[PDB]
Amino acid sequence: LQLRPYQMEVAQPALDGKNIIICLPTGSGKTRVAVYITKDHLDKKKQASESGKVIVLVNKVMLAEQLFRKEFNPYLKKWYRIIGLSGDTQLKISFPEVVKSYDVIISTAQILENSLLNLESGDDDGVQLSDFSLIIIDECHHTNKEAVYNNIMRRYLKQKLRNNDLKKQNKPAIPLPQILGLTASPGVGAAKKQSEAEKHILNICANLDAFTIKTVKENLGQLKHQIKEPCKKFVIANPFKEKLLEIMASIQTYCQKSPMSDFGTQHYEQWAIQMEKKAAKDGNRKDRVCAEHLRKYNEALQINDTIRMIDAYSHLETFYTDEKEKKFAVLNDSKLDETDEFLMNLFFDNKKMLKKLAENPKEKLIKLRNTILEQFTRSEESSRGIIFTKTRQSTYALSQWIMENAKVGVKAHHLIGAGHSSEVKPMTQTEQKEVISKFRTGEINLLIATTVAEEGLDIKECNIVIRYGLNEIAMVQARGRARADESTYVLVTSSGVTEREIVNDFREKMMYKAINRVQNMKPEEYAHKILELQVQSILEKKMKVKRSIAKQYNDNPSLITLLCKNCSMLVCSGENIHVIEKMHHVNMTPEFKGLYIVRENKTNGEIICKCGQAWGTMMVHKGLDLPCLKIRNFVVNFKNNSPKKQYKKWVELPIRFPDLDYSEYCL
RNA sequence: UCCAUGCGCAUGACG
RNA sequence: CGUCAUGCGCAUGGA
Ligand SMILES: [Zn+2]
């Protein structure tokens, strides 16, 4: 409930109008200052006795929880109403009531936006920006094209212009709230010049309709006292491959596949995908099946260039073991093909000796063990530990690996995000909290993490941040995590990877240059530029809405037939399908049901083809074992258009399918 | 607390 | 515009 001196001056303009931005580094505790702005605004509104609301917005739920528990309540526990609002907190009360109540709100973004849309539709109780007297944001540097919450500012922008027009038109003018923006260093997006960066910043500011940035320069001394920045550091340090590449070449010869590129990169992957579409556009075999296999192989390569090939053997053991299980489940109610037999036998004839090759070291892994061991010695104990990388699979893999070799012990644990993707077992927010807490105790010495740890997770006191094969903001936040107590950054990758840390330093210089330029600017010219950017953004939104509205026009019941994509085989019609939840599609009418096969290895079985292809899940809804499917695995056959099409999702086409009627299923 | 799914978004790399 | 990897949020349904 007190102001630092450097916080004082920067907060100063916001206290009277001054919709502004703030950027300060980690550790400066910009929540306290924000709270002071809140309390001062509220006290002002009590002095005028008017509606004082704050609608604080974030990108993630965790920060809302943190600030509710620890920042907003303990300083406004006494006076005012507070509530921490999230998509996950099943809350009995609805949003516009906690607008009707709850002078202070902490919230995640799209709650608000959804409520505004319910307004614009008029569906459920609505809300508008007129119910407010202030807005505060965290992480404004996400404010850009089609951001989660940036859309709302465009409405604030749209109505704003109306106000000015109304002042010209009739001159009644509705109020609009003050806007505060907080962030770390905003960074910069896709620049090589100061002008590009400056245009970015002006874009941000007029997307926030701000007035200035108001960074700290006077009281830099106490800041640098609180803020100790660690040392910018760079620390940099067979036949199985060809054994497999020969197989790949044999497979091209088997398939007449001309790569027009090398093995072990994205271009070969993309060519494989395009060929797989075309052979899906042709309904042939040995042409798309092998595109998929070769996709798997190139994945195996690009891990082999970075990972112990034992993990590639794991990958392919998983794959082909599933393949054998698929073909056996097909045979259970039935035989192979020359294609499948060729590929499988080509694999299995080598599989054992290839696993033998896997057990032969002759690699960045050695450099990694060296980099790990050296820090354990210098610390001699009580060494915190962080690792970054790209993927999820890498983390499980390396954790399993490090469990096996040495350890002197630093028990380390993996970490990933949450998303339902990658064909992996994700983690859970609870589990993330558990892990970071154990690290907070230091019981877990080393963390293996993707780019979650850099983002917004409370970590500190650490020293040995690294990079095994990985923008300026990620860099500065990872530097913020490791403190200036014998802490050293490390980067390890085959080698422009140094280029990127260098670029981050370069952008760190450039952003300060642009900040200094814009701050020292005419208020007139500044306002003119920001108005132009606001008009540009608004017209851009109108064009996007025009294109989207013009997009979907057909909305047909049944114009198609869905087919197997390995075998150009009829599977379903357009009218035989039905819908549940207005989300999922399904095919009853057991004429269909005579076709498929079912499998389940470990809560819902999976539906697979007579060719062997995997098509869906035994979705159990309302007591019906609804065989749901995924359009990703299916191909389109219009009666009208000969060309085949494939979408990866239902909403690509506009043509609608009906909602299911269980009264049909009256037995 | 766990699980399945849909939708939207940003970021990095690649064409 | 297309691909991949990563991350985020929201909405459903179930235990
Ligand atoms: Zn089939």
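Counting begins at 1 with the first residue displayed.
Structure determined by electron microscopy, 4.2 Å.
Placed from the backbone N, Cα and C atoms, the Cβ positions cover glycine too.
According to Swiss-Prot, the protein has these features:
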BINDING   A:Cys564, A:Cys567, A:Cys609, A:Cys611  Zn(2+) binding site
DOMAIN    A:11-204  domain 'Helicase ATP-binding'
MOD_RES   A:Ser334  phosphoserine
MOD_RES   A:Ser487  phosphoserine
8 Å Cβ shell about A:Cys564, A:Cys567, A:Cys609, A:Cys611 centroid, Zn(2+) site members excluded:
A:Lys565, A:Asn566, A:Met569, A:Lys610, A:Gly612, A:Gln613
Of A:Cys564, A:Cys567, A:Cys609, A:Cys611 (the binding-site residues), the residue whose Cβ has the fewest other Cβ atoms within 10 Å:
A:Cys567
Need one number: the Cα separation in whole Å between A:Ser495 and A:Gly496 across the 2 missing residues.
7
Which of A:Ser334, A:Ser487, the listed modified residues, has fewest other Cβ atoms within 10 Å:
A:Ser334
Anchor-to-anchor distance, in angstrom and between Cα atoms, for A:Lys602 and A:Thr603 with 10 residues unmodelled between:
9
Can you list which of these recorded positions (A:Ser334, A:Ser487, A:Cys611) have a Cβ closer than 6 Å to ligand 1?
A:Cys611
Alpha-carbon spacing, A:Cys609 (Zn(2+) binding site) to A:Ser334 (phosphoserine), which is rounded to whole Å:
12
Integer Cα-Cα distance in angstrom, A:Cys564 (Zn(2+) binding site) to A:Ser334 (phosphoserine):
18
Between A:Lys407 and A:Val408 there are 3 residues with no coordinates; how far apart are their CA atoms in Å?
7
How far is it from A:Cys611 (Zn(2+) binding site) to A:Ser334 (phosphoserine), counting Cα to Cα, in Å?
11
A:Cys567 (Zn(2+) binding site) to A:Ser487 (phosphoserine): how many Å between their Cα atoms?
58
According to DSSP, folded down to helix, strand and coil, what is A:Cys567 (Zn(2+) binding site)?
coil
May I ask for the distance between A:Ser334 (phosphoserine) and A:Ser487 (phosphoserine), taken between their Cα atoms and rounded to an integer number of Å?
64
Straight-line CA separation, A:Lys362 and A:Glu363, 3 intervening residues not modelled, Å:
8
